[PDB]
Engineer: 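Before anything else, here's the structure in question.
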Amino acid sequence: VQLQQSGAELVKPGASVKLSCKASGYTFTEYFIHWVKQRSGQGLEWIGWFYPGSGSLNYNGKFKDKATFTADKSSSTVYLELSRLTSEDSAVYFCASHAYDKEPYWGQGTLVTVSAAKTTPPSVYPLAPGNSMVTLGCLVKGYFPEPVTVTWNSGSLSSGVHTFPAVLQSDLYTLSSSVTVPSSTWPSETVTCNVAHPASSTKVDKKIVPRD
Amino acid sequence: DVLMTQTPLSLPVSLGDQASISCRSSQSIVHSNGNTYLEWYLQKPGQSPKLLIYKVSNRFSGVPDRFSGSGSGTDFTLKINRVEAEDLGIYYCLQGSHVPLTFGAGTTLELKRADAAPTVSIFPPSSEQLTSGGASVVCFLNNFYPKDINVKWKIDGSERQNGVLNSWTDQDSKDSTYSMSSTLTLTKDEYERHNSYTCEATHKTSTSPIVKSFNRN
């Protein structure tokens, strides 16, 4: 049994989105389909079940005005429609199937991002200090959408790095990356952060230099 | 609805240790057909939950036998004999007996190590940002243990709440520490009206905060 889900979605608030889940190899011994929501860094929440054999369904009361289950028998595919999208609907949505009194199988999940933002490259700022180690960094601010890729010295510097998960600032993303090297080696052996943002087709370098 | 109460939220262990995770239902979860549909899942980052135990005590095929489940009425327990690295992640229970189906809040299984105070570094706004009219002050709180930590920002001695954004790393795969980033974002206009900027870390390693500051001068 294999569950195949549709690809990632970026959609604007107020709109609606239609996610798909294609079950495989049950095949004659039909199944209930469950949908589950997981917000970024959060736990799991049950949306409802759908029974393709009759079209019967059942929603968690919390989702009764948000979710709509439908199906296509030709394609052995079931659908989850989410309407009147808000930021609260941004999440990964999982589909899971199971025959009567049998263990469930889960899909890979579909990422839904609800945002009005447009593609925006990051501003990249050096973090330089105002012991035996020194910590430097760079601030990656005001970009959309995720992801960005941060490296140091084009990747030759990788030990002692912490690149932090991005966070929403206004309706744009911001992250930071710190790097720690021996004090005796900076500024003599240069340190430069590199930030790639695929969606904006940009890649910028910011050398960290001592403050005046 | 059936409330599933999962404890503990965090479970630090050493490799080879015995781990026990529990789940309490607010009411009985015996399905009409006589079965108790209590399942246990392990979830790794960016991955779908993987089934470990179903119907309270039944190991899903391919799951190693160091995993076992038991329980009755309203108390259920997952046990892991001799924890391995591939066991680390977040565990969820799920009752499937009475709709709406409900999950426990989860348990993070992570690694134990010696306590470590954070290495705290503070950074003024760059001239590049100032020229654009913004002013972010960044504080890194790196390589600490255990994971719980608080950050407080002061501007000229007075506590500041608005414009602060925080981010946390997952447990480091090599030294088992945690790290945090805290950024205070102001406008240049407001940043230039004050002198002292301070970030304060409170962590179990001391009752007094670790304080880092700079003066705009």
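Below, chain A is the first sequence line, B the second, and so on; all start at residue 1. Computation of the quantities below employed the complete heavy-atom set of this structure, encompassing side-chain atoms and omitting hydrogens, waters and symmetry-equivalent molecules.
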Engineer: Go through it in stages, so that I can follow the logic: the residues are A/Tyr51 and A/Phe32, the test is ring pair (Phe, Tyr, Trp, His ring centres under 6.0 Å), and I'd like the CA-CA distance, side-chain angles, deciding distance and then a yes or no.
Structural biologist: CA-CA 5 Å; A/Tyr51 180 58; A/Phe32 285 72; 4.7 Å; yes
Engineer: For the residue pair A/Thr135 / A/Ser178, report whether a side-chain donor-acceptor contact shorter than 3.5 Å exists.
Structural biologist: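 The criterion, which ignores hydrogens and geometry beyond distance, is not satisfied for A/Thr135 and A/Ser178.
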Engineer: Has B/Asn195 got a side-chain atom pairing as donor or acceptor with B/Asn215's backbone, closer than 3.5 angstrom?
Structural biologist: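 Pair absent, no side-chain N/O of B/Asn195 close to backbone of B/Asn215.
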Engineer: A/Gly142 and A/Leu172: which non-hydrogen atoms are nearest, and at how many Å?
Structural biologist: O-CD1, 3.5 Å
Engineer: Answer yes or no: is there a donor N or O on one side and an acceptor on the other, between the side chain of A/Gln38 and the main chain of A/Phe94, under 3.5 Å?
Structural biologist: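 It does not hold such a pair.
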Engineer: If we count only N and O atoms by modelled type, under 3.5 Å, do the side chains of B/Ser136 and B/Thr185 hold a donor and an acceptor together?
Structural biologist: yes
Engineer: I want to check something: taking the side chain as every heavy atom from C-beta on, are B/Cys23 and B/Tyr92 in contact at a cut-off of under 4.5 Å?
Structural biologist: no
Engineer: Are B/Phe67 and B/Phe60 close enough that their ring centers fall under 6.0 Å?
Structural biologist: no
Engineer: If I take atom OH from residue B/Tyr191 and atom CG from residue B/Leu130, how far apart are they, to the nearest 0.5 angstrom?
Structural biologist: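 So the OH of B/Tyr191 and the CG of B/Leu130 are separated by 6.0 Å.
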Engineer: Testing the basics here: between A/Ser83 and A/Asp65, what is the closest heavy-atom pair and its distance to 0.1 Å?
Structural biologist: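 The pair with the smallest heavy-atom distance is OG-O, 3.8 Å.
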Engineer: Is the closest side-chain heavy-atom distance between A/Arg39 and A/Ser90 below 4.5 Å?
Structural biologist: yes
Engineer: Would you say that A/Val161 contacts A/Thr163 through its side chain, given a criterion of any heavy-atom pair below 4.5 Å between the two side chains?
Structural biologist: yes
Engineer: If I take atom CG from residue B/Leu52 and atom CD1 from residue B/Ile80, how far apart are they, to the nearest 0.5 angstrom?
Structural biologist: 7.5 Å
Engineer: State, with a plain yes or no, whether a side-chain heavy atom of A/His34 is found less than 4.5 Å away from one of A/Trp46.
Structural biologist: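 A side-chain contact under 4.5 Å exists here.
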Engineer: Ignoring hydrogens and geometry, is there a side-chain-to-backbone donor-acceptor pair from B/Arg82 to B/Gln18 under 3.5 Å?
Structural biologist: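 Pair absent, no side-chain N/O of B/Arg82 close to backbone of B/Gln18.
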Engineer: Please evaluate residues B/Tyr37 and B/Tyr54 with respect to the criterion ring pair (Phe, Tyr, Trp, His ring centres under 6.0 Å), reporting the C-alpha separation (whole Å), side-chain torsions for both, the decisive distance (0.1 Å), and the verdict.
Structural biologist: CA-CA 7 Å; B/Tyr37 295 94; B/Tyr54 65 91; 9.2 Å; no
Engineer: Could you tell me which non-hydrogen atom of B/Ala116 sits nearest to which non-hydrogen atom of B/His203, and how far apart they are?
Structural biologist: O-CE1, 3.2 Å
Engineer: Atom CG of residue position B/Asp156 - does it have more than 12 heavy atoms of other residues, nucleotides or ligands inside 6.0 Å?
Structural biologist: yes
Engineer: Run the salt-bridge test on A/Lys62 and A/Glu45 with the 4.0 Å N-O cut-off and return the result as yes or no.
Structural biologist: no
Engineer: Could you check whether any side-chain heavy atom of B/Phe103 comes within less than 4.5 Å of a side-chain heavy atom of A/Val36, counting everything from C-beta outward?
Structural biologist: yes
Engineer: Any sub-3.5 Å donor-acceptor pair from A/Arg84's side-chain atoms to A/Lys66's backbone N or O?
Structural biologist: no
Engineer: Answer whether the closest heavy-atom distance between the side chains of A/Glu81 and A/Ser16 falls below 4.5 Å.
Structural biologist: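 A/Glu81 vs A/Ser16: side chains touch.
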Engineer: Going by the angle between their ring planes, with limits at 30° and 60°, are A/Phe50 and A/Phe69 parallel, tilted or perpendicular?
Structural biologist: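 Perpendicular, since the angle between the ring planes exceeds 60°.
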Engineer: Pair A/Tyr143, A/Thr119 - check side-chain contact (heavy atoms from CB on, under 4.5 Å), show working.
Structural biologist: CA-CA 7 Å; A/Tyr143 67 94; A/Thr119 300; over 6 Å; no
Engineer: Given A/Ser97 and A/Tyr26, is the side-chain contact (heavy atoms from CB on, under 4.5 Å) satisfied, shown in steps?
Structural biologist: CA-CA 9 Å; A/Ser97 70; A/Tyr26 252 107; 3.0 Å; yes
Engineer: Just by modelled atom types, is the B/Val211 backbone N or O under 3.5 Å from a matching donor or acceptor in the B/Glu200 side chain?
Structural biologist: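 No; judged by distance alone, with no hydrogens or angles, the pair does not exist.
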Engineer: Would the B/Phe214 and B/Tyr197 ring centres measure less than 6.0 Å apart?
Structural biologist: yes
Engineer: Are A/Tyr31 and A/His98, when compared by the centres of their aromatic rings, separated by less than 6.0 Å?
Structural biologist: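 Centroid distance A/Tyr31-A/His98: not below 6.0 Å, so no.
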Engineer: Rounded to the nearest 0.5 Å, how far apart are CD1 of B/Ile90 and CD of B/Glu110?
Structural biologist: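 Atom-to-atom, B/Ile90:CD1 and B/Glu110:CD are 8.5 Å apart.
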Engineer: State plainly whether the residues B/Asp148 and B/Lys204 are in salt-bridge range, i.e. N to O under 4.0 Å.
Structural biologist: no
Engineer: Test your reading of the model: is there a side-chain donor-acceptor pair from B/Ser26 to the backbone of B/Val2, 3.5 Å cut-off?
Structural biologist: no
Engineer: Judged by atom type as modelled, is there a donor-acceptor pair below 3.5 Å linking the side chain of A/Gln5 to the main-chain atoms of A/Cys21?
Structural biologist: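 Here the side-chain-to-backbone pair does not exist.
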Engineer: Looking at every non-hydrogen atom in both residues, tell me the closest pair between A/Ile208 and A/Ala128 and how far apart they are.
Structural biologist: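 In terms of heavy atoms, the two residues are closest at CG2-CB, 3.9 Å.
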Engineer: May I ask you to decide whether B/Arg66 forms a salt bridge with B/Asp87, counting only side-chain N to carboxylate O separations under 4.0 Å?
Structural biologist: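 A salt bridge links B/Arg66 with B/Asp87.
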Engineer: How far apart are the C-alpha atoms of B/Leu78 and B/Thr107, what are their side-chain angles, what is the distance that settles it, and do they pass the side-chain contact (heavy atoms from CB on, under 4.5 Å) test?
Structural biologist: CA-CA 11 Å; B/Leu78 175 74; B/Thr107 293; over 6 Å; no
Engineer: Hey, do the aromatic rings of A/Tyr59 and A/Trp49 have their centres closer than 6.0 Å?
Structural biologist: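 No - the distance between ring centres of A/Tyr59 and A/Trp49 does not fall below the 6.0 Å cut-off.
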Engineer: With a 4.5 Å limit on heavy-atom distance, are the side chains of B/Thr183 and B/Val164 in contact?
Structural biologist: no
Engineer: Of all heavy-atom pairs between A/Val191 and A/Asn153, which one has the smallest distance, and what is that distance?
Structural biologist: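 Between these two residues, the closest heavy atoms are CA-OD1, 3.5 Å.
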Engineer: Walk me through whether A/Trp152 and A/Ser177 qualify under side chain to side chain donor-acceptor pair (under 3.5 Å).
Structural biologist: CA-CA 9 Å; A/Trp152 291 92; A/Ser177 181; 2.9 Å; yes
Engineer: Determine whether B/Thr7 and B/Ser22 satisfy the following criterion, side chain to side chain donor-acceptor pair (under 3.5 Å), listing intermediate values before the conclusion.
Structural biologist: CA-CA 6 Å; B/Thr7 58; B/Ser22 99; 3.3 Å; yes
Engineer: Can you tell me if B/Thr187 uses its side chain to pair, donor with acceptor, with the backbone of B/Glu190 under 3.5 Å?
Structural biologist: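 Answer holds: yes.
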Engineer: After noting the C-alpha distance and the side-chain angles of B/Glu39 and B/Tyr41, does the key distance pass the side chain to side chain donor-acceptor pair (under 3.5 Å) rule?
Structural biologist: CA-CA 7 Å; B/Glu39 292 162 7; B/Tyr41 291 88; 2.8 Å; yes
Engineer: For a side chain to side chain donor-acceptor pair (under 3.5 Å) check, start with the C-alpha distance between A/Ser200 and A/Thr202, then their side-chain angles and the critical distance, and finish with the verdict.
Structural biologist: CA-CA 5 Å; A/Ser200 63; A/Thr202 57; 2.6 Å; yes
Engineer: Please give me the minimum heavy-atom distance between A/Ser6 and A/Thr110, naming the atom from each residue.
Structural biologist: O-OG1, 2.7 Å
Engineer: In Å and rounded to the nearest 0.5 Å, what is the CD to CG distance from A/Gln108 to A/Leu3?
Structural biologist: 8.5 Å
Engineer: Using 4.0 Å as the upper bound for N to carboxylate O, is an ion pair formed by A/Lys18 and A/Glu9?
Structural biologist: no
Engineer: With distance as the sole criterion, is a donor-acceptor pair present between the side chains of B/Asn166 and B/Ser182 under 3.5 Å?
Structural biologist: yes
Engineer: Run B/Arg216 and B/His194 through side-chain contact (heavy atoms from CB on, under 4.5 Å) and show every step you take.
Structural biologist: CA-CA 8 Å; B/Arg216 190 180 46 76; B/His194 294 272; 6.0 Å; no
Engineer: Please confirm whether the backbone N or O of A/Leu175 pairs with a side-chain atom of A/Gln169, one donor and one acceptor, at under 3.5 Å?
Structural biologist: no
Engineer: Are the side chains of B/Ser25 and B/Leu3 in touch, meaning some heavy atoms are under 4.5 Å apart?
Structural biologist: no
Engineer: Test your reading of the model: is there a side-chain donor-acceptor pair from B/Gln95 to the backbone of B/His98, 3.5 Å cut-off?
Structural biologist: yes
Engineer: Hey, is CZ on B/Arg193 packed in by over 12 heavy atoms from elsewhere, all under 6.0 Å?
Structural biologist: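 Count not over threshold, so no.
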Engineer: Can you tell me if B/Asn142 and B/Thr119 form a side-chain donor-acceptor pair at under 3.5 Å?
Structural biologist: no
